[PDB]
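Presented below, as C-alpha cells, is a lone chain in the form deposited in one PDB entry.
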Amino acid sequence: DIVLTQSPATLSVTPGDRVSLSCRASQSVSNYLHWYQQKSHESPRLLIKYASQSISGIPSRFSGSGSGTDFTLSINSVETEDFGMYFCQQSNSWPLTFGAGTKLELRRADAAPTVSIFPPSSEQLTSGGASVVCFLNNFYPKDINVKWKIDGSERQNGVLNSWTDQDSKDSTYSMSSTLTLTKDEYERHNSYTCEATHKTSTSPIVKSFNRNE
C-alpha cells in the first residue's frame, strides 16, 4: 500500500499569511492526488483534484502543485473561514489511501475565557445526583487546564471535560467541565471551586460558590 505522509501534523497561521501544506507519497502516485477540507465529521469538501486541477466553486486562494512523491496544497492568503483538516488522497493504485491530516488553526488576539459556574438543579438533586457545571467560553489560544476543589483541596474523580472545535467567526474556543458527586458527598461539603489555567494569566482563573444561600 502507498503511504501518504502529510506534514506538518498541526499548523497555526495568522490571517494574511501564506501557507504550504505538504503531502509526501511513500512511492510515486504520478498526478493521481487530491486534496480535501474537513471542518469536523461532516463529509470532506474536494478542494483540488489530479494535483493541479482546481474545483468549480472552490475559492482562488486555494491551489495545488506537484507530481511523483512531493505535493503542496497552497492558500496564498488564509482567511478566517479556513480552519480545519486538509487531507490528501491518492488514486494511483489499489488500495485508495489518505493522509492523516494537517490540522490548520487560525490566530487572533488572545482572550481569557468568560467563566460561569452552576450548582446542581433541584431536579438532579431529587434523583439523588449532584453535578457542578463550569463553562469557560470564547478563549484563545485553545490549550487550557481545569481543576476542581471541594472545600479547599483537589478532586480528580467524577470530572468530565469537553471542548468545541475553533469557532468560524471569532476564531475562539470553549470548554465545559462537569464535576459529578453523590447527593450525600454534595451536601457533606460547602465550597465548590473550578480553577482554570490559561496563557492569558499566570495565577489561575477561579470561579466558586457555597451551598448556604
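One rule holds for the numbers: they count along the sequence shown, beginning at 1.
A.B. asks: On mean C-alpha B-factor from the PDB entry, just flag whether 108-116 or 68-76 is the higher one.
C.D. replies: It is 108-116 that shows the higher mean C-alpha B-factor.
A.B. asks: Mean Cα B factor from the PDB record: higher for 31-39, or higher for 141-149?
C.D. replies: Per the PDB record, 141-149.
A.B. asks: So if I compare the CA B-factors in the entry for 85, 96, 125, 100, which one is the largest?
C.D. replies: Of the options given, 125 has the highest CA B-factor in the PDB entry.
A.B. asks: Using only the C-alpha B-factors in the record, can you name which of 175, 181, 51, 46 has the highest?
C.D. replies: Answer for 175, 181, 51, 46: 181, with the highest C-alpha B-factor.
A.B. asks: Which third of the chain does residue 210 land in by C-alpha B-factor: lowest, middle or highest?
C.D. replies: As the PDB entry reports it, the C-alpha B-factor of residue 210 lands in the highest third of its chain.
A.B. asks: So where's residue 13 on the chain's Cα temperature factor ranking, which third?
C.D. replies: For residue 13, the deposited C-alpha B-factor lands in the middle third.
A.B. asks: Going by the recorded CA B-factors, say which third of the chain residue 62 sits in, lowest, middle or highest.
C.D. replies: Lowest third, going by the recorded CA B-factors of the chain.
A.B. asks: Of the three thirds of its chain by CA temperature factor, lowest, middle or highest, which one includes residue 161?
C.D. replies: As the PDB entry reports it, the C-alpha B-factor of residue 161 lands in the middle third of its chain.
A.B. asks: Lowest, middle or highest third: where is residue 56 by Cα B-factor in its chain?
C.D. replies: Tercile = lowest for this residue's CA B-factor.
There is another form of this protein, the form deposited in another entry, and it is not shown here; the text below is about that form.
A.B. asks: Pick from 52, 26, 91, 106: which one is at the hinge where the rigid parts meet as they turn between the shown form and the other one?
C.D. replies: From 52, 26, 91, 106, the hinge pick is 106.
A.B. asks: Looking in that other deposited form, are the Cα atoms of residue 9 and residue 198 closer together or farther apart than here, the change being 3 Å or more?
C.D. replies: Closer in that other deposited form, by 3 Å or more.
A.B. asks: Report the direction of the Cα distance change between residue 79 and residue 139 in that other deposited form, compared with the displayed form, as closer or farther; the change is 3 Å or more.
C.D. replies: Farther, not closer.
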